[PDB]
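There are 2 protein chains.
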Amino acid sequence: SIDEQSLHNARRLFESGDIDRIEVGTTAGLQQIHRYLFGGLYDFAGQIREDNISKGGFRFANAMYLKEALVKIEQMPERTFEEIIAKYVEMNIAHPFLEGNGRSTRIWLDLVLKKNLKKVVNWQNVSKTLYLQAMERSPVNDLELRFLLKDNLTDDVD
Amino acid sequence: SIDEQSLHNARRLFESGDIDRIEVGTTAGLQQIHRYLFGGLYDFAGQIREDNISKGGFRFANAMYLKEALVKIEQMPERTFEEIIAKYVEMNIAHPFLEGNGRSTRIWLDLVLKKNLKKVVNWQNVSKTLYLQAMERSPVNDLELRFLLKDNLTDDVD
Ligand SMILES: Nc1ncnc2c1ncn2[C@@H]1O[C@H](COP(=O)(O)OP(=O)(O)NP(=O)(O)O)[C@@H](O)[C@H]1O
Ligand SMILES: Nc1ncnc2c1ncn2[C@@H]1O[C@H](COP(=O)(O)OP(=O)(O)NP(=O)(O)O)[C@@H](O)[C@H]1O
Numbered sequence: 013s014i015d016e017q018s019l020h021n022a023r024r025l026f027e028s029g030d031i032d033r034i035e036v037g038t039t040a041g042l043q044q045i046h047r048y049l050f051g052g053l054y055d056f057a058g059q060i061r062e063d064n065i066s067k068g069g070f071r072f073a074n075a076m077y078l079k080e081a082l083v084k085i086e087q088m089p090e091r092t093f094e095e096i097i098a099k100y101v102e103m104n105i106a107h108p109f110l111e112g113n114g115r116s117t118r119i120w121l122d123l124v125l126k127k128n129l130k131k132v133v134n135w136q137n138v139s140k141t142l143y144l145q146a147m148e149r150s151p152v153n154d155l156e157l158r159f160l161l162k163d164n165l166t167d168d169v170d
Numbered sequence: 013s014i015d016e017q018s019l020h021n022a023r024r025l026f027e028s029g030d031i032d033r034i035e036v037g038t039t040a041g042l043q044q045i046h047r048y049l050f051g052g053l054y055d056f057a058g059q060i061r062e063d064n065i066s067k068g069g070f071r072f073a074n075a076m077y078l079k080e081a082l083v084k085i086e087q088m089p090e091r092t093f094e095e096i097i098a099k100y101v102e103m104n105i106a107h108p109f110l111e112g113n114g115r116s117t118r119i120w121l122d123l124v125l126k127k128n129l130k131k132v133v134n135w136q137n138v139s140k141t142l143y144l145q146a147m148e149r150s151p152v153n154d155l156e157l158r159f160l161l162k163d164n165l166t167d168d169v170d
């Protein structure tokens with residue numbers, strides 16, 4: 013029931029206009045989103061992880077320098093589509109939470125895209141399978157991800 | 013001639029007993045080794061890289077938080093074989109130089125093993141192919157590496 017309740021919570025962030033009070037493009041901002049989605053569901057909601065984690069043969073940033081990584085990641089520029097995806101890709105590698113990084117950082121991405129390009133990702137039309145592939149490859153090369161997301165943008169941001 | 017001269021330079025470090033002045037298990041120590049091996053061969057000899065690099069579908073620690081990562085990596089403990097390989101594995105992910113990380117960090121590893129376990133890796137008997145595989149997998153899981161290196165130790169350290 014967690015996946016369900018976290019979705020309802022995401023549904024509520026926008027419907028309530030609380031999304032508009034989230035800090036855009038910062039670590040603190042990502043933590044806000046995560047806290048709001050998973051508050052009361054995961055007891056680590058909003059908290060940077062202590063432990064190391066890996067998935068599908070990738071290891072995310074070592075917990076021991078995760079906080080330091082995040083300090084630099086949030087400072088990355090958001091001027092162009094390419095720069096925003098670059099930032100998104102790094103924040104993914106950072107993977108600051110034990111769980112729920114995906115939903116939360118996607119929202120995080122959309123807010124950056126909205127602020128700087130007046131656009132958001134039309135996730136309806138994005139294949140979950142292809143997205144996951146693109147992300148898996150992203151650290152070595154973000155071509156697949158850019159190609160996937162660029163023609164799935166929409167300026168219909170509300 | 014890089015790879016052969018750098019080899020000659022590695023011979024010297026030991027034959028001259030200069031190896032014994034290298035700081036053991038620290039970032040500075042690794043820089044010393046690199047500087048000794050590649051001094052006058054690479055103009056970045058001994059220097060932490062500013063640029064990002066990747067190999068065989070792995071991307072090494074982002075240049076932007078590489079210095080911070082190193083500060084934490086050098087502090088890792090060296091009491092047991094498992095802990096030493098753990099440290100070695102992290103320093104590999106860090107991959108602080110544009111080139112020459114392999115030769116230099118292996119020497120770095122041997123010094124740590126020597127100090128703490130009174131043993132070194134008998135690289136003669138270590139398959140290059142298998143080592144490279146083990147390393148490639150090491151961030152996700154260091155089993156292959158430990159298995160490879162444990163029964164290739166020698167207490168005949170000089
Ligand atoms: N092998 C991989 N390499 C890099 N990134 C990955 C990999 N696998 C997954 N990811 C990213 O991390 C996210 C999954 O992280 P996780 O913290 O499990 O979020 P989640 O909400 O539990 N699952 P999901 O809703 O499917 O994203 C995915 O959406 C990808 O963006
Ligand atoms: N795909 C990979 N993923 C993780 N680590 C790797 C990968 N490929 C190589 N390595 C490690 O990085 C080392 C080589 O890094 P590099 O910067 O090329 O140094 P090098 O000294 O030029 N090569 P070598 O002399 O063979 O060790 C290898 O010895 C491995 O320990």
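One line per chain: the protein sequences are C and B, in this order. Plus 12 on top of the position in the first sequence (first one is 1) and you've got full-length UniProt numbering. Plus 12 on top of the position in the second sequence (first one is 1) and you've got full-length UniProt numbering. The beta-carbon is built from N, C-alpha and C at its ideal position, and this holds for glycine as well.
In whole angstroms, what separates the C-alpha of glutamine 43 of chain C from that of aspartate 168 of chain C?
The residue you call residue 43 of chain C lines up with position 31 of the first sequence. The residue you call residue 168 of chain C lines up with position 156 of the first sequence. If I take the Cα positions, the gap works out to 26 angstroms.
Just to confirm, is the Cβ distance from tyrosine 143 of chain C to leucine 129 of chain C under 8 angstroms?
Position 131 of the first sequence, counting from 1, holds the residue named residue 143 of chain C. Position 117 of the first sequence, counting from 1, holds the residue named residue 129 of chain C. In this structure, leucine 129 of chain C does not lie closer than 8 angstroms to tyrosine 143 of chain C by Cβ.
Nearest-angstrom Cβ-Cβ length linking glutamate 90 of chain B and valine 124 of chain B, presumed shorter than 8 angstroms
As a position in the second sequence, residue 90 of chain B is number 78, starting the count at 1. As a position in the second sequence, residue 124 of chain B is number 112, starting the count at 1. The pair is a contact, with the Cβ atoms about 5 angstroms apart (cut-off 8 angstroms).
Which residues does DSSP list as the beta-bridge partners of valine 83 of chain C?
As a working mapping, residue 83 of chain C is identified with position 71 in the first sequence. For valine 83 of chain C, which the question treats as bridged, DSSP gives no partner whatsoever.
Give the interface partners of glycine 69 of chain C over in chain B, defined as CB-CB distance under 7 angstroms, in chain order.
In the first sequence, residue 69 of chain C corresponds to position 57, counting from 1. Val152, listed in chain order.
Please tell me whether, using a cut-off of 7 angstroms, the distance from the CB of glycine 68 of chain C to the nearest non-hydrogen atom of ligand 3 is below it.
Among the ligands present in this structure, namely ligand 1 and ligand 2, ligand 3 is not found.
When every heavy atom of ligand 2 is checked, does at least one fall within less than 7 angstroms of the C-beta of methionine 147 of chain B?
Numbered from its first residue, the second sequence carries residue 147 of chain B at position 135. At least one heavy atom of ligand 2 is nearer than 7 angstroms to the Cβ of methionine 147 of chain B, so yes.
Report all residues from its chain with a CB closer than 7 angstroms to the CB of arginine 115 of chain B; omit the five preceding and five following residues, and keep chain order.
As a working note, residue 115 of chain B is residue 103 in the second sequence. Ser18, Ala22 and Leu49, listed in sequence order.
If you follow the alpha helix (DSSP H) that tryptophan 120 of chain B is part of, which residue opens it and which one closes it?
Reading the second sequence from its first residue, position 108 is the one you call residue 120 of chain B. Per DSSP, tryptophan 120 of chain B belongs to the alpha helix (DSSP H) from 113-129.
Please name the residue, chosen from C:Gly69, C:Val83 and C:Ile65, that lies closest to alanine 75 of chain C on a Cα-to-Cα basis.
Along the first sequence, one-based indexing puts residue 75 of chain C at 63. Out of C:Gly69, C:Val83 and C:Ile65, C:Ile65 has the C-alpha closest to the C-alpha of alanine 75 of chain C.
Just to confirm, are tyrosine 77 of chain B and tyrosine 77 of chain C a CB contact at a threshold of 8 angstroms?
Translated into the one-based positions of the second sequence, residue 77 of chain B becomes position 65. Translated into the one-based positions of the first sequence, residue 77 of chain C becomes position 65. Yes; because the gap between Cβ atoms is below 8 angstroms, this pair is in contact.
Same chain, Cβ closer than 6 angstroms to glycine 41 of chain C, neighbours up to 5 away in sequence not counted
Start at 1 with the first residue of the first sequence, and residue 41 of chain C comes out as number 29. Cβ within range, chain order: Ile34 and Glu35.
Contact with chain C by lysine 84 of chain B, beta-carbon distance below 8 angstroms:
For the purposes of this step, residue 84 of chain B is identified with residue 72 of the second sequence, where counting begins at 1. Output row for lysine 84 of chain B: interface = yes.
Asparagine 104 of chain B, enclosing alpha helix (DSSP H) - first and last residue:
Numbered from 1 along the second sequence, position 92 holds the residue referred to as residue 104 of chain B. Its alpha helix (DSSP H) spans residues 93-106.
Determine the DSSP secondary structure at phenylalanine 26 of chain C, reduced to helix, strand or coil.
Taking the first residue of the first sequence as position 1, residue 26 of chain C is located at position 14. DSSP places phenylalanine 26 of chain C in helix when its eight states are reduced to three.
Quick check: does the Cβ of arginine 115 of chain B come within less than 7 angstroms of any heavy atom belonging to ligand 2?
Within the second sequence, residue 115 of chain B is the residue found at index 103, counting from 1. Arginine 115 of chain B: yes, Cβ under 7 angstroms from ligand 2.
Helix, strand or coil at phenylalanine 159 of chain B according to DSSP, with G and I counted as helix
Numbered from 1 along the second sequence, position 147 holds the residue referred to as residue 159 of chain B. In the structure shown, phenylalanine 159 of chain B sits in a helix (DSSP, three-state: H, G or I).
Measuring only between beta-carbons, confirm whether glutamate 90 of chain C sits less than 8 angstroms from chain B.
Indexing the first sequence from 1 puts residue 90 of chain C at position 78. Not an interface residue.
Cα-Cα, which of B:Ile45, B:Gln145, B:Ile31 and B:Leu53 is closest to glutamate 16 of chain B?
Within the second sequence, numbered from 1, the residue matching residue 16 of chain B stands at position 4. The shortest Cα separation from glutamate 16 of chain B among B:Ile45, B:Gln145, B:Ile31 and B:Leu53 belongs to B:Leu53.
At 7 angstroms on the CB atoms, spell out the chain B contacts of residue 206 of chain C, in chain order.
One cannot answer for residue 206 of chain C here, as it falls past the ends of chain C, which runs 13 to 170.
Quick check on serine 150 of chain B: buried or exposed, where buried means 16 or more other Cβ atoms within 10 Å of its Cβ?
The count along the second sequence starts at 1 and reaches residue 150 of chain B at position 138. Buried is the call here.
Is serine 13 of chain C helix, strand or coil by DSSP?
To locate residue 13 of chain C, count along the first sequence from 1; it is residue 1. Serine 13 of chain C: coil per DSSP, three-state reduction.
Alpha carbon of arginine 47 of chain B to alpha carbon of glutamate 86 of chain B, nearest angstrom:
Stepping through the second sequence from its first residue, residue 47 of chain B is reached at position 35. Stepping through the second sequence from its first residue, residue 86 of chain B is reached at position 74. Answer to the nearest angstrom: the Cα atoms are 18 angstroms apart.
So which residues of chain B does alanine 81 of chain C contact, with C-beta pairs closer than 8 angstroms?
In the first sequence, the residue the question calls residue 81 of chain C occupies position 69. The contacting residues are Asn74, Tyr77, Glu80 and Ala81.
Given a cut-off of 8 angstroms on the beta-carbon distance, is the pair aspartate 163 of chain B and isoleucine 97 of chain B in contact?
Start at 1 with the first residue of the second sequence, and residue 163 of chain B comes out as number 151. Start at 1 with the first residue of the second sequence, and residue 97 of chain B comes out as number 85. No. Outside cutoff.
Member of C:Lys79, C:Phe72 and C:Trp120 whose CA lies at the smallest distance from the CA of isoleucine 105 of chain B
Start at 1 with the first residue of the second sequence, and residue 105 of chain B comes out as number 93. Among C:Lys79, C:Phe72 and C:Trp120, the Cα nearest to that of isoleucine 105 of chain B belongs to C:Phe72.
For the alpha helix (DSSP H) that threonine 39 of chain B lies in, which residues bound it at each end?
For the purposes of this step, residue 39 of chain B is taken as residue 27 along the second sequence, with counting starting at 1. First-last of the alpha helix (DSSP H) with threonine 39 of chain B: 39-50.
Distance cut-off 7 angstroms: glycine 112 of chain B Cβ against heavy atoms of ligand 2
Locating residue 112 of chain B in the second sequence gives position 100, where the first residue counts as 1. Within the cutoff, so yes.
Do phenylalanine 109 of chain C and ligand 1 come close, with the Cβ less than 7 angstroms from some heavy atom?
For the purposes of this step, residue 109 of chain C is taken as the residue at position 97 of the first sequence. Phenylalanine 109 of chain C: yes, Cβ under 7 angstroms from ligand 1.
How about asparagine 104 of chain C: is its Cβ closer than 7 angstroms to a heavy atom in ligand 1?
Here residue 104 of chain C corresponds to residue number 92 of the first sequence, with the count starting at 1. Answer for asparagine 104 of chain C: yes, Cβ within range of ligand 1.
Against chain C, does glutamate 62 of chain B count as a neighbour if the rule is that its beta carbon must be under 8 angstroms from one of theirs?
Within the second sequence, residue 62 of chain B is the residue found at index 50, counting from 1. By this cut-off, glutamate 62 of chain B is not an interface position.
DSSP puts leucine 165 of chain C in a beta bridge; with which residues?
Residue mapping note: residue 165 of chain C aligns to position 153 of the first sequence, counting from 1. For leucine 165 of chain C, which the question treats as bridged, DSSP gives the partners C:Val133.
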